[PDB]
């Protein structure tokens, strides 16, 4: 997260990390036993960690839970990053408390101007390498379909949308993929891609979770 701030303790209880040897993506707890992340975050083995604030110094509410089942969207497209979404079934039920709890799916597609909260342990520098210990938060609005298509001509599918600033300086960055975009208590987006991080007229592009609400519940149901 470039140009964000340290999340308040208990402000993003739904934030998880995906781990393989290191911190490689984020995710969102959407059920006591299920995480939603990006398709490009797929690996054949993933350890999910829940309740982290500082990713290097244990604070004591962390839960470490290996993935039982790792399901990349079946129409995931590596060329276009269309259907950049993934479900992880935790091998055990998360224990729910103040530091660990679920976030609602969206009941309607994203609205232009809506305030969203973006979070993650990805790069804080648009130039070089500044990976933080402390979980990072960004307030950023949903941008019009027109500004999004102008910024990424012919590359924005109906399963993507833009959140951030055309002025640059504030964005998700490498290490944030799979992380949440929460607007009005609903997971409207997953961190997916962009043209660098925090560049002028190159806001982040996010998977539009609303379009996957039916596939998410159906896939959870079939694997419960």
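Numbering follows the first chain given and starts at 1.
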Query raised in the report: Averaging C-alpha B-factors over each stretch, which comes out higher, 26-34 or 52-60?
Result: 52-60
Query raised in the report: Do the CA atoms of 213-221 or those of 2-10 have the higher mean B-factor in the entry?
Result: 2-10
Query raised in the report: Out of 41, 46, 166, 190, which shows the largest CA B-factor listed in the entry?
Result: 166
Requested in this report: Tell me, please, which of 105, 90, 87, 129 has the highest C-alpha B factor according to the deposited entry?
Outcome: 129
Query raised in the report: C-alpha B factor of residue 120, ranked within the chain: lowest, middle or highest third?
Result: lowest
Report summary line: For residue 185, the third of its chain by CA B-factor is the middle
Requested in this report: Could you say whether, by C-alpha temperature factor, residue 158 belongs to the lowest, middle or highest third of its chain?
Outcome: highest
Report summary line: Of the three thirds of Cα B-factor ranks in this chain, residue 15 occupies the lowest
**Report entry** Record-listed C-alpha B factor of residue 66: chain third
**Finding:** middle
